[PDB]
Amino acid sequence: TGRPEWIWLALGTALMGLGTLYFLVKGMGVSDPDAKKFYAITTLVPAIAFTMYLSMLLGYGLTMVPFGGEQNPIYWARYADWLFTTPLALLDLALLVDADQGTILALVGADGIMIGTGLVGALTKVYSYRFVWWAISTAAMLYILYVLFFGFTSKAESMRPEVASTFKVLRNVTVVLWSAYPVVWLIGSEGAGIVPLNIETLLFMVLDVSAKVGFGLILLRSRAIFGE
Amino acid sequence: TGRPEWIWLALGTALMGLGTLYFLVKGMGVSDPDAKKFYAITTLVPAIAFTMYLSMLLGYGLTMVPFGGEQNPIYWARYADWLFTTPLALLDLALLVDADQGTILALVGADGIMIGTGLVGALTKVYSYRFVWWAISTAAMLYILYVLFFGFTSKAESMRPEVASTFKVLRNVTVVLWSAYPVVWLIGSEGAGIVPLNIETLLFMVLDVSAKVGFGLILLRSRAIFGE
Amino acid sequence: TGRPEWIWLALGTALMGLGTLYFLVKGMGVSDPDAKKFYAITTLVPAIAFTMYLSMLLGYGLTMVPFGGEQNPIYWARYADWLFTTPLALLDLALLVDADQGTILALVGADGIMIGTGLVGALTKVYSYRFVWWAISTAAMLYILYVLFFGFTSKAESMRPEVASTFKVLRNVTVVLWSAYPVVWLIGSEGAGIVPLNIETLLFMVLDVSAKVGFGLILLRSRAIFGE
Ligand SMILES: CC(C)CCC[C@@H](C)CCC[C@@H](C)CCC[C@@H](C)CCOC[C@@H](CO[C@H]1O[C@H](CO)[C@@H](O)[C@H](O)[C@H]1O[C@H]1O[C@H](CO[C@@H]2O[C@H](CO)[C@H](O)[C@H](OS(=O)(=O)O)[C@H]2O)[C@@H](O)[C@H](O)[C@@H]1O)OCC[C@H](C)CCC[C@H](C)CCC[C@H](C)CCCC(C)C
Ligand SMILES: CC(C)CCC[C@@H](C)CCC[C@@H](C)CCC[C@@H](C)CCOC[C@@H](CO[C@H]1O[C@H](CO)[C@@H](O)[C@H](O)[C@H]1O[C@H]1O[C@H](CO[C@@H]2O[C@H](CO)[C@H](O)[C@H](OS(=O)(=O)O)[C@H]2O)[C@@H](O)[C@H](O)[C@@H]1O)OCC[C@H](C)CCC[C@H](C)CCC[C@H](C)CCCC(C)C
Ligand SMILES: CC(C)CCC[C@@H](C)CCC[C@@H](C)CCC[C@@H](C)CCOC[C@@H](CO[C@H]1O[C@H](CO)[C@@H](O)[C@H](O)[C@H]1O[C@H]1O[C@H](CO[C@@H]2O[C@H](CO)[C@H](O)[C@H](OS(=O)(=O)O)[C@H]2O)[C@@H](O)[C@H](O)[C@@H]1O)OCC[C@H](C)CCC[C@H](C)CCC[C@H](C)CCCC(C)C
Ligand SMILES: *C/C=C(C)/C=C/C=C(C)/C=C/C1=C(C)CCCC1(C)C
Ligand SMILES: *C/C=C(C)/C=C/C=C(C)/C=C/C1=C(C)CCCC1(C)C
Ligand SMILES: *C/C=C(C)/C=C/C=C(C)/C=C/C1=C(C)CCCC1(C)C
Ligand SMILES: CCCCCCCCS[C@@H]1O[C@H](CO)[C@@H](O)[C@H](O)[C@H]1O
Ligand SMILES: CCCCCCCCS[C@@H]1O[C@H](CO)[C@@H](O)[C@H](O)[C@H]1O
Ligand SMILES: CCCCCCCCS[C@@H]1O[C@H](CO)[C@@H](O)[C@H](O)[C@H]1O
């Protein structure tokens with residue numbers, strides 16, 4: 001349909017779409033109030049992802065940013081997505097572990113700064129400044145990952161085995177997947193064009209589908225979502 | 001003052017404005033913590049509506065979108081309004097019925113997607129794509145209306161008669177009024193210019209004032225807002 | 001680095017930055033769940049402030065708005081900041097006083113309208129309309145300050161002496177500092193160029209650092225954050 005990345009944008013749209021329908025069907029009939037929350041948070045994530053990928057496929061989520069002299073194609077839609085989508089995931093983890101409201105707020109705020117800053121960076125005209133924002137964004141992410149890995153884990157150890165083990169898997173998955181985004185951003189169209197928009201869109205696609213559908217699958221198929 | 005719809009924008013500004021002052025006065029002195037919530041949610045709704053209509057009257061909430069060849073006047077302010085305003089209404093219904101947090105979250109998310117998608121649609125350059133977004137938006141709305149009509153009603157039947165009956169009226173009103181927006185959008189300046197911006201603004205005005213002031217009146221005048 | 005206000009933007013960036021690090025260090029090791037909330041809300045405030053000042057220093061948070069004929073430099077970043085930052089402060093006050101959810105919602109909404117309206121005003125092309133938005137914004141602020149001064153105080157009197165006294169100081173500080181913003185706006189680049197962007201940025205800088213770091217200091221150093 002034009003841009004060479006369109007295909008990956010198309011597959012992501014479809015996969016996020018199918019992931020949503022699958023979770024909607026699976027959560028059908030669930031009466032446990034605690035399970036309801038998990039199904040609602042986890043299903044909304046890909047749902048949002050669906051709408052944003054579609055805006056990128058249709059060309060809407062793409063804008064033009066000048067820097068480095070030449071012209072640059074920046075998909076701003078990703079930030080619109082991640083803005084609500086990363087915190088929701090954090091909410092799933094927090095509920096699983098029964099995190100204190102104080103830490104949930106700190107984590108959501110750090111997330112908002114992470115994405116807000118990432119977005120600013122992506123739209124900054126002075127090529128050199130874009131990295132400053134990257135550094136601030138990455139620092140916010142490391143703060144989140146630090147709390148998830150050391151703070152939540154400890155909270156998870158006070159739960160029953162099924163809950164503790166599922167949190168462990170989800171924790172490992174988010175830490176690994178999340179840390180890949182700033183790398184992809186840095187070596188891609190947003191930072192250094194070392195990697196073509198072509199290959200980047202493919203990476204974000206695998207990362208996103210894994211972080212949402214995959215994450216959703218691991219969580220929604222375990223009995224950890226039931227308070228018992 | 002220029003555009004032929006200005007008058008309806010003016011009456012809406014005034015009515016939303018008067019509706020706010022009226023509710024502010026009526027909620028004065030209320031000490032019941034549960035009633036306070038209802039008064040706060042219900043009063044903020046028209047208050048937000050006030051500010052957005054004014055931006056449309058003054059020309060600020062109007063932008064220009066190219067599609068179908070010719071030029072199109074799109075009031076984006078409505079989405080800014082509805083973005084916070086539709087969920088608040090959902091919150092009133094949820095409190096009345098004491099809905100589970102899981103469903104409140106799902107409903108607020110579906111609402112966010114509904115408006116976010118509606119906005120995208122309204123600002124899309126490819127005339128044909130605008131309808132795709134309409135379809136997604138309408139699907140989100142039908143999901144909300146489905147849960148309100150069948151899920152909330154059942155929750156409402158566990159409450160005392162005054163609460164159950166008031167929820168019934170509000171439920172009927174929102175289902176009917178809400179379903180009219182996508183129709184108006186489709187046959188109006190946002191979709192097919194079958195209906196002139198002139199008549200459309202009049203429709204949204206009646207719909208909005210009914211959905212907020214009317215809804216506010218029905219709710220704020222019943223003892224259903226008191227937990228007893 | 002160009003614009004004459006750059007220096008104040010630089011000092012604000014640094015002070016907000018140092019204020020965040022200081023609070024992050026101070027809140028380290030705190031286990032009280034109630035203290036955690038206060039530290040999270042109070043630390044995020046300057047953190048957000050940091051990111052926005054930096055966007056203004058680097059030129060990103062500055063835009064051009066035509067009105068009064070001549071050209072006008074408007075830093076929109078301040079609203080992006082205040083949008084999340086003013087409510088957080090309100091949340092600190094509400095927790096301290098254990099305010100009803102209804103009033104917290106009303107206050108957050110009034111705040112959202114205050115900033116949203118202030119932003120609209122700042123970006124309006126018709127010089128005369130900018131003041132209409134100012135008036136609406138100021139009315140929302142007075143509503144907040146009224147509730148904080150008379151409503152919260154009363155709520156504060158049911159708490160122990162340390163809490164009541166700390167709320168008193170914070171209450172006095174916010175009322176005074178908050179009321180200065182609409183004055184600065186009115187006599188500055190946003191309204192009447194009586195005061196040069198040079199002196200204005202200096203004022204907002206002192207006001208902001210006082211409202212956040214100062215406020216943070218007064219609150220985070222008292223035992224009022226401990227539910228005991
Ligand atoms: C309502 C919604 C739910 C609120 C969501 C939160 C919101 C605050 C933030 C999302 C954050 C952030 C990522 C967005 C900000 C980034 C910013 C830089 C981009 C803004 O653009 C997005 C705007 C579109 O603007 C368009 O309209 C205006 C006015 O009419 C135009 O002035 C502007 O130019 C338009 O831009 C579009 O077109 C551009 C095209 O550029 C060129 O234009 C010329 C014509 O002039 C030619 O057509 C060129 O063609 S050619 O010659 O080159 O061939 C053409 O290139 C593009 O470049 C632009 O990219 C753009 O397409 O819209 C706002 C989007 C909304 C807010 C997204 C909704 C997202 C989703 C549904 C949200 C669900 C959220 C829900 C609330 C979660 C609930 C969670 C619960 C708690 C659980
Ligand atoms: C802070 C606030 C509380 C946050 C609210 C949430 C926010 C994320 C989203 C609202 C969602 C969504 C609907 C908005 C996105 C849609 C997007 C496409 C529109 C963006 O425009 C809105 C911007 C204005 O941009 C303007 O400034 C920039 C920078 O200076 C310009 O680049 C831009 O062009 C400007 O656009 C205005 O002017 C345009 C004029 O076009 C032409 O311009 C030329 C000059 O170049 C000539 O003047 C032309 O004249 S002529 O020749 O034709 O004769 C002229 O036509 C217009 O076309 C544009 O439409 C526009 O007027 O501002 C952002 C608005 C804010 C966010 C709205 C605040 C709303 C309300 C107060 C919110 C209350 C919320 C509260 C938080 C709820 C709490 C609830 C509790 C939980 C209970
Ligand atoms: C994701 C984030 C967390 C969501 C935050 C909430 C969000 C809904 C609202 C913030 C509210 C409000 C204040 C913003 C709306 C105001 C609006 C008018 C301004 C919009 O601009 C901001 C956009 C940038 O747009 C830029 O990109 C588009 C698309 O590519 C361009 O079309 C647009 O023009 C760009 O504008 C920038 O550049 C302009 C430059 O103008 C001229 O441009 C030419 C080239 O064309 C030349 O370069 C000129 O140079 S020269 O010749 O004159 O020499 C040049 O002047 C500037 O004028 C513009 O000002 C702008 O720089 O981005 C959106 C910003 C994001 C959303 C901010 C993130 C803020 C922070 C990190 C948020 C933390 C929030 C967290 C969620 C809190 C959690 C709290 C818990 C509950 C506790
Ligand atoms: C479903 C989407 C997910 C889980 C997205 C996660 C995204 C991130 C962890 C993004 C992080 C970034 C930085 C740390 C700095 C560079 C800019 C970003 C936004 C790519
Ligand atoms: C006070 C305002 C109210 C109750 C607004 C309700 C608005 C809707 C239910 C809008 C729905 C739409 C669709 C279903 C698709 C077409 C686009 C919209 C946003 C008009
Ligand atoms: C950390 C930042 C703080 C405490 C900011 C407070 C800002 C205000 C109270 C702003 C108020 C305004 C009006 C009342 C109308 C004029 C426009 C504003 C946004 C400057
Ligand atoms: C475009 C529409 C997007 C809709 C996103 C909604 C996510 C809904 S999850 C769903 O929420 C119900 C509460 O309504 C629970 O009862 C179910 O068990 C649970 O699975
Ligand atoms: C521009 C200003 C917009 C303000 C919107 C605020 C809606 C306030 S409702 C009001 O909230 C109080 C708590 O403060 C309760 O005590 C009252 O009973 C109730 O009626
Ligand atoms: C760019 C990163 C911005 C991060 C902002 C986070 C504010 C964190 S406050 C911190 O939150 C912890 C919970 O994680 C509590 O345990 C600590 O006692 C408290 O002091």
Side-chain angles (χ1 to χ4, degrees), chain A residues 40-41 44-45 48-49 51-52 55 59-64 74 76-89 91 114-115 117-119 121-123 133-142 144 174 177-182 184-186 190-191 207-208 211-212 215, chain B residues 40-41 44 48 51-52 55 59-66 74 76-84 87-88 91 105-106 108-109 111-120 123-125, chain C residues 63-66 74 76 79-80 82-83 87 105-106 108-109 111-120 123-125:
Chain A
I41 289 152
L44 278 176
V45 172
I48 294 170
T51 73
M52 289 305 86
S55 74
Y60 190 77
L62 205 192
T63 195
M64 289 305 142
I74 310 294
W76 60 259
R78 299 179 184 289
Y79 308 93
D81 170 346
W82 304 339
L83 173 61
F84 299 103
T85 259
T86 45
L88 283 171
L91 218 61
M114 182 177 77
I115 305 299
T117 284
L119 175 59
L123 306 169
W133 295 113
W134 174 89
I136 300 176
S137 179
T138 306
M141 182 198 80
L142 291 181
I144 293 166
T174 85
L177 294 178
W178 279 44
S179 51
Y181 287 79
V184 171
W185 192 100
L186 187 70
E190 294 81 13
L207 252 30
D208 291 334
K212 299 158 154 86
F215 182 116
Chain B
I41 289 152
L44 278 176
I48 294 170
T51 73
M52 289 305 86
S55 74
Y60 190 77
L62 205 192
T63 195
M64 289 305 142
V65 184
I74 310 294
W76 60 259
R78 299 179 184 289
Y79 308 93
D81 170 346
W82 304 339
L83 173 61
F84 299 103
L88 283 171
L91 218 61
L105 186 63
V108 173
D111 195 315
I113 292 171
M114 182 177 77
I115 305 299
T117 284
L119 175 59
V120 168
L123 306 169
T124 298
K125 294 158 168 55
Chain C
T63 195
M64 289 305 142
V65 184
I74 310 294
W76 60 259
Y79 308 93
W82 304 339
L83 173 61
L105 186 63
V108 173
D111 195 315
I113 292 171
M114 182 177 77
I115 305 299
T117 284
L119 175 59
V120 168
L123 306 169
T124 298
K125 294 158 168 55

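So you know, we letter chains A, B, ... as the sequences are listed, proteins then strands, and number each from 1. For ligands, and for the atoms within them, numbers begin at 1 and follow the listed sequence. Worth knowing before you read on, the calculation uses all heavy atoms, side chains too, and leaves out hydrogens, waters and symmetry mates.
If you look at B:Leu105 next to ligand 1, the close heavy atoms, those under 4.0 Å, all belong to the side chain. No part of B:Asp81 comes within 4.0 Å of ligand 2, judged by heavy-atom distances. With a heavy-atom cut-off of 4.0 Å, A:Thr138 touches ligand 4 through backbone and side chain alike. Proximity of B:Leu88 to ligand 2, defined as any heavy-atom pair under 4.0 Å, is confined to the side chain (atoms from C-beta onward). With a heavy-atom cut-off of 4.0 Å, A:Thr86 touches ligand 4 through its side chain alone. Contacts with ligand 4 closer than 4.0 Å are made by side-chain heavy atoms of A:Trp82 only, the backbone lying farther away. Heavy atoms of B:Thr63 found under 4.0 angstrom from ligand 1 belong exclusively to the side chain. Counting heavy atoms under 4.0 Å from ligand 1, residue A:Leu123 touches it through the side chain alone.
Across A:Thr138 and A:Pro182, no two heavy atoms sit closer than the pair OG1-CB, 3.9 Å. Nearest approach of A:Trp134 to A:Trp185, heavy atoms of both residues: CD1-CE3, 3.3 Å. The two residues C:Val108 and C:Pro87 come nearest to each other via the heavy atoms CG1-CB, 4.4 Å.
Ranking the protein heavy atoms by distance from atom 74 (C) of ligand 2 puts C:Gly112 O, 3.9 Å first. The protein atom (non-hydrogen) at minimum distance from atom 11 (C) of ligand 2 is B:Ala80 CA, 4.1 Å. Distance from atom 2 (C) of ligand 4 to its nearest protein heavy atom, with residue and atom name: A:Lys212 NZ, 2.4 Å. Among protein heavy atoms, atom 57 (C) of ligand 2 sits closest to B:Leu62 O, 3.3 Å. The protein atom (non-hydrogen) at minimum distance from atom 10 (C) of ligand 4 is A:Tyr181 CB, 3.5 Å. Looking only at heavy atoms of the protein, atom 79 (C) of ligand 2 is closest to C:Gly109 CA, 4.1 Å. What sits closest to atom 20 (C) of ligand 4 on the protein, heavy atoms only, is A:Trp185 CD1, 3.7 Å. With hydrogens left out, the protein atom closest to atom 68 (C) of ligand 1 is B:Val120 CG2, 4.2 Å, a heavy atom.
Each of the following atoms of ligand 4 lies closer than 4.0 Å to a heavy atom of A:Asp208: 2 (C). Of all the atoms in ligand 4, the ones that sit under 4.0 Å from a non-hydrogen atom of A:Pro182 are 13 (C), 14 (C), 15 (C). Counting the atoms of ligand 2 from 1 in the order shown, those under 4.0 Å from a heavy atom of C:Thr117 are 72 (C). In summary, the atoms of ligand 4 found under 4.0 Å from a heavy atom of A:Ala211, numbered by their order in the structure, are 4 (C). Close contacts of ligand 2 with C:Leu83, meaning ligand atoms under 4.0 Å from a residue heavy atom, involve 1 (C), 2 (C), 3 (C), 4 (C). Here is the list of ligand 4 atoms found below 4.0 Å of a heavy atom in A:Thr85: 1 (C), 2 (C). The contact set between ligand 2 and B:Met52, taken as ligand atoms under 4.0 Å from a residue heavy atom, comprises 70 (C), 71 (C). Which parts of ligand 2 touch B:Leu44 is read off a 4.0 Å heavy-atom cut-off, strictly below it: atoms 83 (C).
Under the 4.5 Å side-chain criterion, counting only non-hydrogen atoms from C-beta, A:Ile48 is in contact with A:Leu88. For the pair A:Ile144 and A:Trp178, the minimum side-chain heavy-atom distance is below 4.5 Å. Side-chain contact between C:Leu83 and C:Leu119: absent, with no pair of heavy atoms (C-beta onward) separated by less than 4.5 Å. The shortest distance between side-chain heavy atoms of A:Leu44 and A:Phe84 does not fall below 4.5 Å. Residues A:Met52 and A:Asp208 form no side-chain contact, since every pair of their non-hydrogen atoms from C-beta on lies 4.5 Å or further apart.
Of all the listed residues (A:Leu119, B:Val65, B:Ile115), A:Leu119 holds the heavy atom that lies closest to atom 12 (C) of ligand 1. When A:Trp134, A:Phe215, A:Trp178 are checked for heavy-atom proximity to atom 16 (C) of ligand 4, A:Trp134 turns out nearest. Here atom 44 (C) of ligand 1 lies nearest to B:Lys125 when heavy atoms of A:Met64, B:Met114, B:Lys125 are compared. Closest heavy-atom approach to atom 12 (C) of ligand 4 within the set A:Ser137, A:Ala49, A:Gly118: this belongs to A:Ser137. Of the candidates B:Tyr60, C:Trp76, B:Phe84, B:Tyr60 brings a heavy atom nearest to atom 63 (O) of ligand 2.
The ring of C:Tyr79 has its center closer than 6.0 angstrom to the ring center of C:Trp82.
Taking a distance limit of 4.0 Å, we find that atom 83 (C) of ligand 1 is approached by some protein heavy atom. Atom 52 (O) of ligand 2 lies below 4.0 Å from none of the non-hydrogen atoms of the protein. Protein non-hydrogen atoms do reach within 4.0 Å of atom 3 (C) of ligand 1. Within the 4.0 Å cut-off (strictly below), no protein heavy atom is located near atom 7 (C) of ligand 2. In this structure, atom 38 (O) of ligand 1 is in close contact with the protein, since a protein heavy atom lies within 4.0 Å of it. For atom 24 (C) of ligand 2, the nearest protein heavy atom lies closer than 4.0 Å. For atom 48 (O) of ligand 2, the protein comes within 4.0 Å by at least one heavy atom. Less than 4.0 angstrom separates atom 70 (C) of ligand 2 from at least one non-hydrogen atom of the protein. Within a 4.0 Å radius of atom 32 (O) of ligand 1, the protein has no heavy atom. Checking atom 60 (O) of ligand 2 against the protein gives a heavy-atom contact under 4.0 Å.
Residue contacts with ligand 2: B:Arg78 is excluded, as none of its non-hydrogen atoms falls under 4.0 Å. Ligand 2 lies nowhere less than 4.0 angstrom from a heavy atom belonging to C:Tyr79. Heavy atoms of C:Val108 stay at 4.0 angstrom or farther from ligand 2.
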